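Coordinate analysis (summary)
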Amino acid sequence: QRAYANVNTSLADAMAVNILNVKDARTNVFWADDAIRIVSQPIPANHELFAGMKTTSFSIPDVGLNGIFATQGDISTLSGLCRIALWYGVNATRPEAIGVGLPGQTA
Amino acid sequence: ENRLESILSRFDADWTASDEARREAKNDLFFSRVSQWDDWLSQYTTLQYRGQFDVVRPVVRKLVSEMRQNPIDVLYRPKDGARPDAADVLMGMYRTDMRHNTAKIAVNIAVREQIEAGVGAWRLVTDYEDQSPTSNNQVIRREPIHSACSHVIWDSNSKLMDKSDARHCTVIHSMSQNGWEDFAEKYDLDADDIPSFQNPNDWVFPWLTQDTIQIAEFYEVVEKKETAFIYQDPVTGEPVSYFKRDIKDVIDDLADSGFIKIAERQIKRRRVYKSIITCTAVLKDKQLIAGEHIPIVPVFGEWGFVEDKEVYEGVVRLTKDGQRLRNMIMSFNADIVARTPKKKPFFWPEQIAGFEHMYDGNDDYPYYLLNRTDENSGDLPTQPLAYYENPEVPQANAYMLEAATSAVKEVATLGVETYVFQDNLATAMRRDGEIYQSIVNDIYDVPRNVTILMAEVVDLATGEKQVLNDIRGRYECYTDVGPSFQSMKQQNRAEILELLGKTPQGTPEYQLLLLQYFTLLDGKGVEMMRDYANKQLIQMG
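Residues numbered from 1 in each chain as written, not as in the entry; some residues may be left out. Chains lettered and ligands numbered in written order. Part of a larger assembly, values for the part shown. Heavy atoms only, no water.

Looking at the method and resolution fields of the entry, one finds cryo-EM and 3.2 Å.

Structure, rendered in structure tokens:
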């Protein structure tokens, strides 16, 4: 367990915490490329929603993601619905590798 | 009125019309190539045993091998009343530019997709070559089309197996970032503006990264009466006809070389235009391509129409139900084998209290002891020992496994033989020969044979470019199907052997043997033998 240590000492009773952001400032972000990660999944075909909807793949340009282009029609009112669903999740798997640069943090 | 709106209207109509067949074909492709458990894009599914006990794939392998053992290629034969050697040059050109690996690979891909899904296709393209050209510093090569069912979309109002009456066809290209840069470099597009089109693929397997960049190519055929020019060939030639659109820059160089115009007619012909399109804009508008037909050749399995609706089928569609039932039954039986308590005795704790170590499974004792007396009930009640029943596969499971396997075996019988599939490949090859002949007439340099030698009449413009001069006597040979040969020498050798097989042992047999020796390859000994054969053939006049 000691091989995973990252700090020199533990929190010893009444220790003073310092807030490192004291003024509002637009952030600059530096990271290692494998720290922020995006997991994308297609909508399941037989979901509770998208019940009577015909679905096809829909590739989103720019970002390398796909989504579900679902479509349904109504016969009572001669209308229809479209739904472009994009199911994705952002994860910060190495927060100790992600950083933040705050300029002008004067007291 | 908008060109993009018209193109997209046509494409949308075709996509909607050909929807169900495409879904079925894609399902058969994925079923027969990746996995029979088409149950990934689904929720409420826990982790259970799912095995794939295939019984259809060996049949597909057998059919593919049987179709592969019997190659089929075009064979150009002279028409009725034409010169007997009217097709030798065209046949040589076809063999020369179709002997390469890409043609065979594309044909094999189309055949495999026909057997599995029901429809395949390939394409014919023209490229500039400077090292080993076939003719006019250009070559024609055959390229593959993967997943033709979802990637090639034909005109909805086409009622032919080879789609020769279709007036337009769209091919969807899907690629990653490097592929999009490649395409942009090749076709002089803007690589910065990422294109988009209808996605032909579908997310059905946990693939790490699917393709995102889509674009489309639209081929259209326009049949019209254009103007032709009737000249007088300087080399004792009858009135020779050319197309004004073709000979437009050498219009004065013809007269300079010695061509005098005699008259001007109007001859109907077809012309093919390609447009590179996305879902938002048209990049290339009407780039004219060579030939008279759409350069895409389709190959079909069981093909027909039901109610103005195209249907095609291979060998996998019908066996799917039985295969899925057999897989399910085997999975259930594996669950029965695994998660079922074994056959062990049922004991009251007081029956074996004290003698626990005798029943664990060791073999240090000659018998098992049981407690007899109870301090409250006097004596322990007597009951015959019971054991947990052994696991058993139910009669329903067994009989359904057998019945499903029998049904799959019964229904996965193409023919009694792949005769019809070889006939659809042959029809595709006939259409390929038609398209190739048209493209050759459009771009290649075909000599004309005179009975007075092959006279090549060509001229160069002021920009040093050479414009081919092809007379309208271009359809002198028709298309047939024969064995695939790498070269005209191989074809001649096969013909000589076939004649020898039926000629009796006489003077024609001697002639045919000497001809076979004449048409042999060259080392040293066969060189000596062929020289002897040539000497004998010359000496007998």
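After that view of the structure, there is still more to cover.
This part is about the interface of chain B and chain A. In this assembly, 17 residues from chain B lie in contact with 18 residues from chain A. In total, chain B and chain A occlude about 1400 Å² of area from one another, counting both sides; carbon and sulfur atoms represent 51% of this. For the chain B face of the interface with chain A, the top three residues by lost area are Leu41(B), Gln43(B) and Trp203(B), together amounting to 41%. In this structure, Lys54(A) engages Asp19(B) in a salt bridge whose closest nitrogen and oxygen atoms are separated by 3.1 Å. Linking chain B to chain A there are seven residue pairs in polar contact. Class assignment for the residues of the side of chain B that touches chain A results in five nonpolar, eight polar and four charged. (Contact = heavy atoms within 4.5 Å. Buried area = accessible area lost by both parts, 1.4 Å probe. Salt bridge = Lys/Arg side-chain N within 4 Å of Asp/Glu carboxyl O. Polar contact = N/O pair within 3.5 Å; in protein donor to acceptor, adjacent residues only side chain to side chain. Nonpolar A, V, L, I, M, F, W, Y, C, P; charged D, E, K, R; others polar.)

Turning our eyes to something else, we now look at the packing of aromatic side chains. All names here are of chain B. Counted by the stated rule, this structure contains 18 aromatic pairs over all chains. Residues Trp 40 and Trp 203 carry aromatic rings whose centres are separated by 6.3 Å and whose planes lie at 50 degrees to one another, so their mutual orientation is tilted. With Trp 40 in the loop between α2 (19-33) and α3 (57-68) and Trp 203 in the loop between α7 (177-187) and β6 (213-232), this residue pair connects regions lying 163 residues apart in the sequence. Assessed through its relative accessible area of 10%, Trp 203 is described here as buried. Ring plane angle 80 degrees and centroid distance 5.7 Å describe the contact between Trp 303 and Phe 305, whose orientation is recorded as edge-to-face. By relative accessible area, which is 29% here, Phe 305 ends up partly exposed. Aromatic ring contacts, followed pair by pair, group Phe 229, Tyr 231, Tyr 242 and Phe 259 into a single cluster. Between the NZ or CZ atom of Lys 261 and the centre of the ring of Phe 229, over which it lies, the distance is 5.1 Å. A cation over an aromatic ring shows up here: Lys 286 above the ring of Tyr 273, its NZ or CZ 4.1 Å from the ring centre. (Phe/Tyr/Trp six-rings, centres within 6.5 Å; stacked < 30°, edge-to-face > 60°. Helix = DSSP H or I, 4+ residues; strand = E, 2+ residues; numbered from the N terminus. Buried < 20%, exposed > 50% of the residue type's maximum accessible area, 1.4 Å probe, protein only. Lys NZ or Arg CZ within 6 Å of the ring centre and 35° of its normal.)

Residue and element names in this part refer to chain B. The antiparallel open sheet is built from three strands, whose spatial order is β3-β2-β10. For this open sheet the edge positions go to β3 (138-145) and β10 (296-300), each flanked by a neighbour on one side alone. For this sheet, the mean inter-axis angle between neighbouring strands, taken without regard to orientation, is 25 degrees. Relative to β3, strand β2 (residues 119-128) runs antiparallel, the two sharing eight bridges. If you follow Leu 124 over to β3, its bridge partner there is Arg 142. Contacts between helix α5 (residues 101-116) and the sheet are confined to β2, β3 and β10, with β3 contributing the most and set at about 25 degrees to the helix. (Pairing = 2+ DSSP bridges. Axes fitted to C-alpha atoms, helices over the stretch in contact; angles between N-to-C directions.)

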